[PDB]
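FYI, the numbering just counts along the sequence from 1.
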Amino acid sequence: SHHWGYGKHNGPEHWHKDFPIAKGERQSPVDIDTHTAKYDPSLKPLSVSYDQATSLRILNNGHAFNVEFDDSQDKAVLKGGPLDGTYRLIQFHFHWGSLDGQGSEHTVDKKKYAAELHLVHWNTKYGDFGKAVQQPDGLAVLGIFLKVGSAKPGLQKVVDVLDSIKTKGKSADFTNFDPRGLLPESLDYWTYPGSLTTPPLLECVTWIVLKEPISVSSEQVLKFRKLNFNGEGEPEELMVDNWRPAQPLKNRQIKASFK
Ligand SMILES: O=N[O-]
Ligand SMILES: [Cu+2]
Ligand SMILES: [Cu+2]
């Protein structure tokens, strides 16, 4: 509730105290050195099957907002790419900055983007998300960078509900949202084994990071920056800079799906 966040006193440099895996061997995010990632011809195209996605709700959970999905059947699934089996979409959320020069979690040759989107999926062979996060191949997260330029139409429905979930713990019905509207044109990706980027930082994630950023407008990101980390009736702290910086790559190889 205040033991981890992104403030001066509970930010990413502090998380290892409650979550020692923060200094682990497969932590995320990382800097993607484009000259050192190796093309792997064995990597298959990613299969994003979001046609039957059922969004249910949007929740300000105090660190970001999550758009949640019905995951009791195979409705919105990620397959292929580096993955074995079927991974069901459970939620997506973003990380963003106070200024356009920062906000993403992953970086590319040290470049920081203005924000980053994460679509979170779990492996169905484990039956539920809570069991899946306990497995090294339990989750697959699709990461997408945001830059400031032209507006992203498929984001505006998210932007316009944010006034109704300004503060922590507020939720709003959020049915019939189509996550395909947040994807860039190309599904070229880098992939590496990593972790959740918020506590509990479990090392259960196959990361799939798209090379092509999406563009959003200055006004859209300005509305993200009006959210609050705090609950209603508490001192206003703008929800900005909710990103973990790049972590050591250690004994990992980032593979590229492209030449
Ligand atoms: O928030 N990333 O798992
Ligand atoms: Cu806390
Ligand atoms: Cu995330």
Side-chain angles (χ1 to χ4, degrees), residues 1-33 36-37 59-66 68 71 82-84 87-88 90-98 102-108 110 112-113 115-123 125-143 168-169 190-209 229-231 237 239-255:
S1 150
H2 57 295
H3 66 292
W4 75 263
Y6 301 94
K8 299 178 232 127
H9 300 97
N10 66 353
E13 69 276 22
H14 296 272
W15 295 352
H16 69 98
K17 290 177 278 176
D18 272 323
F19 305 96
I21 204 173
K23 304 191 173 293
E25 295 308 290
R26 61 174 270 190
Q27 290 288 293
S28 296
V30 300
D31 180 57
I32 300 163
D33 181 331
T36 285
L59 170 69
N60 179 334
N61 63 20
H63 323 270
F65 59 86
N66 284 358
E68 301 162 353
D71 65 349
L83 309 170
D84 274 337
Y87 292 68
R88 274 181 200 175
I90 180 165
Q91 52 95 343
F92 71 77
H93 60 272
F94 301 79
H95 306 270
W96 62 94
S98 57
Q102 63 198 52
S104 65
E105 292 206 316
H106 293 90
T107 57
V108 181
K110 303 300 186 80
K112 294 175 168 88
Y113 286 89
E116 185 172 334
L117 164 64
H118 290 162
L119 297 123
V120 179
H121 313 73
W122 59 272
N123 194 327
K125 66 193 279 173
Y126 301 124
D128 66 59
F129 177 86
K131 301 293 304 251
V133 295
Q134 296 171 66
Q135 322 294 330
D137 61 350
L139 297 192
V141 182
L142 184 57
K168 174 174 51 164
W190 298 283
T191 182
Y192 73 94
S195 70
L196 309 173
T197 69
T198 57
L201 302 169
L202 290 176
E203 287 177 343
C204 60
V205 180
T206 303
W207 275 93
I208 302 169
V209 177
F229 285 130
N230 52 280
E237 196 49 15
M239 185 178 283
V240 296
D241 293 316
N242 59 350
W243 48 278
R244 187 186 198 193
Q247 301 304 304
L249 192 58
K250 293 187 160 184
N251 187 55
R252 294 179 286 182
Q253 279 195 319
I254 303 184
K255 294 174 170 44

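Between the side chain of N230 and the main chain of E237, a donor-acceptor pair closer than 3.5 Å is present. Of the possible donor and acceptor atoms, none in the side chain of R244 sits under 3.5 Å from a partner among the backbone N and O of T198. At least one donor-acceptor pair closer than 3.5 Å links the side chain of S28 to the backbone N or O of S195. Side-chain N or O atoms of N242 include one that pairs as donor or acceptor with a backbone N or O of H63 at under 3.5 Å. A donor-acceptor distance shorter than 3.5 angstrom exists from the side chain of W15 to the backbone of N10, with no hydrogens or angles considered. A donor-acceptor pair under 3.5 Å links the side-chain atoms of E203 to the main chain of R26, judged by distance alone. Within the 3.5 Å criterion, the main-chain N or O of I21 finds a donor-acceptor partner in the side chain of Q27.
Here the CG atom belonging to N66 is positioned 6.0 Å from the CG atom belonging to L59, to the nearest 0.5 angstrom. Interatomic distance, NE2 of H93 versus CZ of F65, reported as 10.0 Å (0.5 Å rounding). Atom CZ of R252 sits about 11.0 Å away from atom OG1 of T191, to the nearest 0.5 Å. Rounding to the nearest 0.5 angstrom, the gap separating the CG atom in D128 from the CD atom in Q134 is 8.5 Å. Distance check: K168 NZ to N60 CG gives 9.0 Å after rounding to the nearest 0.5 Å.
Ring-centre distance between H9 and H14: not below the 6.0 Å cut-off. Aromatic ring centres of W243 and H106: separated by at least 6.0 Å. Side-chain rings of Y113 and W96 stay apart, their centers remaining 6.0 Å or farther from each other.
Under the rule for a salt bridge (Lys or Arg N to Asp or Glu O under 4.0 Å), the partners of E25 that lie at least two apart in sequence or sit in another chain are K250. Residues passing the salt bridge (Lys or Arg N to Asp or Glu O under 4.0 Å) test with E68, sequence neighbours excluded: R57.
Between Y6 and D241 there is no side-chain heavy-atom pair separated by less than 4.5 Å. Between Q91 and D71 the shortest side-chain heavy-atom distance does not fall below 4.5 Å. Residues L139 and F129 are in side-chain contact: their nearest non-hydrogen atoms beyond the backbone lie under 4.5 Å apart. At least one side-chain heavy atom of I254 sits under 4.5 Å from a side-chain heavy atom of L249.
Within a 6.0 Å sphere centred on CG of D84, heavy atoms belonging to other residues, nucleotides or ligands number 12 at most.
Side-chain contact annotation: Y87 with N123, donor-acceptor N/O pair under 3.5 Å present. Side chains of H95 and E105: a donor on one and an acceptor on the other come within 3.5 Å.
Annotation: salt bridge (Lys or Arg N to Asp or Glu O under 4.0 Å) contacts involving residues 4-19, sequence neighbours excluded, are absent.
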Chi angles and distances behind the side chain to side chain contact (heavy atoms under 4.5 Å, CB included) call for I90, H121 | CA-CA 6 Å; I90 180 165; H121 313 73; over 6 Å; no
Please step through side chain to side chain contact (heavy atoms under 4.5 Å, CB included) for the pair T206 and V141, ending with a clear verdict.
-> CA-CA 6 Å; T206 303; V141 182; over 6 Å; no
Carefully, step by step, assess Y192 and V30 under the rule side chain to side chain contact (heavy atoms under 4.5 Å, CB included).
-> CA-CA 10 Å; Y192 73 94; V30 300; 3.7 Å; yes
How far apart are the C-alpha atoms of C204 and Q135, what are their side-chain angles, what is the distance that settles it, and do they pass the side chain to side chain contact (heavy atoms under 4.5 Å, CB included) test?
-> CA-CA 6 Å; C204 60; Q135 322 294 330; 6.0 Å; no
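Each of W207, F94, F92 was scored for a side chain to side chain contact (heavy atoms under 4.5 Å, CB included) with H118, with one residue passing: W207.
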